[PDB]
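First, one chain by itself: the form deposited in one PDB entry, in structure tokens.
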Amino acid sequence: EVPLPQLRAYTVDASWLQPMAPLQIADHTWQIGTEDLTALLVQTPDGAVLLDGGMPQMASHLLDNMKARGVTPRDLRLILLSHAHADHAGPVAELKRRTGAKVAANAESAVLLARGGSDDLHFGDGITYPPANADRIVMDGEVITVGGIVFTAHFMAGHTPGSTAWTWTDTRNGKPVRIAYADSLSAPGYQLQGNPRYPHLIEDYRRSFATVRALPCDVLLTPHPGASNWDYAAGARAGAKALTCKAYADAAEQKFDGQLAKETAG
């Protein structure tokens, strides 16, 4: 006789879980996650902002890296998200319990975060994480200002309904650097055409390619660094090969068109 299957944990490549020391991107912006998952710390005189946290088990490592940067738990004021999947929003609930931080997100990301990624449009309950509540709901194009750094939300629905690009301006070598943290544009295993849970999926992805192609973007970063050709382990050359926003959008669109053709053939 045959029991029901055991629950399967969301397991990932080791590099996604490999801790790294903080890597400086610009004068106030640092990568503080793992070798293969982005978690950006932006340090202002009026507190710190974290954009993404990676996987659920990364909370203590993130807090250690914040401490190394001079950011104590009370100094973390705001958490922003690219999208509310387990590999990017995983440790948010724990970070809220252990720091002063509040979460700002759009309505779609907020509802997915509040269910811990369960009832995902494409994954069901296969990839979940501890639920968290948003403290502020943002609209498309809304700005949030922390210590004079202005973060602008650009909705780019597709990978999730609530997928968002965040943009801000930092400095480097005395000159402004317009940073674009653009969300994933992948559709891994998704049913694209005629999806009853996401009827306008294709139209949304197409608009999102155009949104990403037009972002203010001297430096592009992505939740999975390989998607924008970053190599966080490469030290002084980590960002040397990074794509432009235009090249990232074009590559994602070509991949998407090929996936559509393969789905029609399947």
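Numbers for residues come from their place in the sequence shown, where the first is 1.
Beyond the structure shown, there is the form solved in complex with a small molecule, which is absent from this document and is the topic of what follows.
Not displayed here, the small molecule is approached by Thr171 to within 4.5 Å at the level of heavy atoms in the deposited bound form.
Taking non-hydrogen atoms only, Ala132 never approaches the small molecule to within 4.5 angstroms in the deposited bound form. Contact annotation for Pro196: none of its heavy atoms lies within 4.5 Å of the small molecule in the deposited bound form. A residue is said to contact a partner when one of its heavy atoms sits within 4.5 Å of a partner heavy atom; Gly235 fails this definition for the small molecule in the deposited bound form, lying far away. Taking a 4.5 Å heavy atom cutoff to the small molecule in the deposited bound form, the contact residue among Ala157, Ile149, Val138, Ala165 is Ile149.
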